[PDB]
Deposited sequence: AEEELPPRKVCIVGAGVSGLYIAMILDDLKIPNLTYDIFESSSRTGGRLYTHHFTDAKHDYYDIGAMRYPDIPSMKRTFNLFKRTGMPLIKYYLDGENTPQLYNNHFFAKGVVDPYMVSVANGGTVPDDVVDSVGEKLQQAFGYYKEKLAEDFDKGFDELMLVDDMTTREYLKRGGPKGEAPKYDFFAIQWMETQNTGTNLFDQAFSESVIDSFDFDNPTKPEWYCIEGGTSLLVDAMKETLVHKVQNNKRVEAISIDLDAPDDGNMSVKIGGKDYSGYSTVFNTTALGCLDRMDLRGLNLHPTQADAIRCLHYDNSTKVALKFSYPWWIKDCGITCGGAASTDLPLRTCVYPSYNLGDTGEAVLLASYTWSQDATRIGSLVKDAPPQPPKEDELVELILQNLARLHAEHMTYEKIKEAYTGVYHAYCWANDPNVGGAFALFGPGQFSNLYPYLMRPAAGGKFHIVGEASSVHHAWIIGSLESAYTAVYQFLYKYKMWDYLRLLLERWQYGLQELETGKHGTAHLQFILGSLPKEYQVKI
């Protein structure tokens, strides 16, 4: 029979819970695991906030929406396996306002926002109304290759990964044969495509974001009615060994002088937990970098990747109202989102409360990058005149000025809100990977390099080509389990892993 072995799973977000789900399904004789989670809470960046127990009285602080595209089949298979109650998510809705330079969008108007050179701004006239077309020309070849086969498309995209999005647009691609855009044209494309400054990160991440948000297959989107944390609950209930919360790992080691399979250990609260045949670290990389990893003798460039791979920021702000005034008064009847240059940047109309006529949640601000740092500076652990509330109410009034007043929005506000800035969470230290130029092609391979003689895995969304999505976490977890089984030559169970899990079970 197989000898007794135990493995350590650091972190109980979705990738750690997925590792355990796979091990529980394979039922390998005499194999066990410990899962140590630093937080009192399990689920990580799957985190629904419930204002009350009322059915729809929540918002998702982390993951909230899922496009049904082939490259995310593993995510949807996880949803099926756990019985998630999926409902439609409306990425684009009806009647959602867009507000830039204090003007509302209107279709078939030239330069509705009055930012073109012709109207006294600095955006070139040939770009102001054609951002979508110009970015589809910049990204579209790669998007089509990614749709044919994500991993082959990605490898081809890596041949231009040295460039930022701005660099690609400025120089006309890698040999100057694509259109060349001036600073203000690029600035307007960024303003109309993503968060402030993100075109100074990798071109490849801008391509992949466009692939996921504007996929050639024109996919249906889904959300989990009741919040994404229903998935955490479901994954927890099947665990053979339950999560050990309030266990923050501070060091990971291997004793290369010991002949045993179980020669790895972790330190928690100054105490050694030993006897592990493999350690799967699933934390964000900032949390990993803080650990003492000398005991693992990591390649220096792998250590560089842990420190240096770039993370984006993100902040959410959700308010409760006494009735869904955006539905009733503004005609915003089926979700979507309102985009603006105002501080709140993006106001997301929930897809899960469309038929409610009483209290309703609005995801009034969802921001990335410097926009998220700025809103996040107003988000306090012990919330307080609350400057953030007043900013959001004032921005909401300006964004919905076609139908509402500040006074009526403020009156409808119940005084209950919640906000969260992920860069201020000590258990993540960022929202999610969003790599800088050259990082995917140069640092990422070293992040993914075998370590501790094939017994240590750096797992999670950053350790994948699908940053900022559940699919990246699940892929990364699947691959690590493959490597573990291969390392110990558990061929029956590796064949079973492929049979049952190569697309998600």
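Tell me, which runs of residues in the deposited sequence have no coordinates at all?
-> Counting from residue 1, the stretches without coordinates are 1-3, 388-391, 513-540.
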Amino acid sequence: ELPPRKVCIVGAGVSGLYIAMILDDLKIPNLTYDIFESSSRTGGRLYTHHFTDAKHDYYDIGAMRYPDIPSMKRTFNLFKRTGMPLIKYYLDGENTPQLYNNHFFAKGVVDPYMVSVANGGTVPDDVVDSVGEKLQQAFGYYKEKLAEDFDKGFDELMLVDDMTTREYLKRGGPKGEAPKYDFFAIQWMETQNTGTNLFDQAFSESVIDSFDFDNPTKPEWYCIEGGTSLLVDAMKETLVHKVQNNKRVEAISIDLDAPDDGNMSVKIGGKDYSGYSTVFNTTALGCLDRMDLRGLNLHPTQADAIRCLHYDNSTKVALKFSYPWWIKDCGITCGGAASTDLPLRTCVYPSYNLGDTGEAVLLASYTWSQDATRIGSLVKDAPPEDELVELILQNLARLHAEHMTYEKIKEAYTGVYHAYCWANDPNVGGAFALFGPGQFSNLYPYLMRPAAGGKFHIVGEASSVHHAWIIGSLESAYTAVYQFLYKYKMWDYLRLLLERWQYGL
From here on, numbers count along this sequence of modelled residues.
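Stretch exceeding the other in mean C-alpha B-factor - 37-45, 450-458 | Mean B over CA atoms: larger for 450-458.
Between the two ranges 102-110 and 394-402, the one averaging a larger CA B factor in the entry = The recorded data point to 102-110.
Between 310, 145, 248, 81, which one tops the list for C-alpha B-factor in the PDB entry?
-> Going by the entry's C-alpha B-factors, 81 comes out highest.
Criterion, highest CA B-factor; candidates, 317, 240, 342, 296 = That would be 240, according to the entry.
Taking the values exactly as deposited, rank residue 304 by C-alpha B-factor within its chain and report the matching third: lowest, middle or highest.
-> Residue 304: CA B-factor falls in the middle third of its chain.
Residue 496's Cα B-factor: lowest, middle or highest third of the chain?
-> Top third by C-alpha B-factor.
If you rank every modelled residue in this chain by C-alpha B factor, which third holds residue 292: lowest, middle or highest?
-> Middle third, going by the recorded CA B-factors of the chain.
Within this chain, which third does the Cα B-factor at residue 29 fall in: lowest, middle or highest?
-> Residue 29: CA B-factor falls in the highest third of its chain.
Would the CA B-factor of residue 278 place it in the lowest, middle or highest third of its chain?
-> Its C-alpha B-factor belongs to the middle third of this chain's values.
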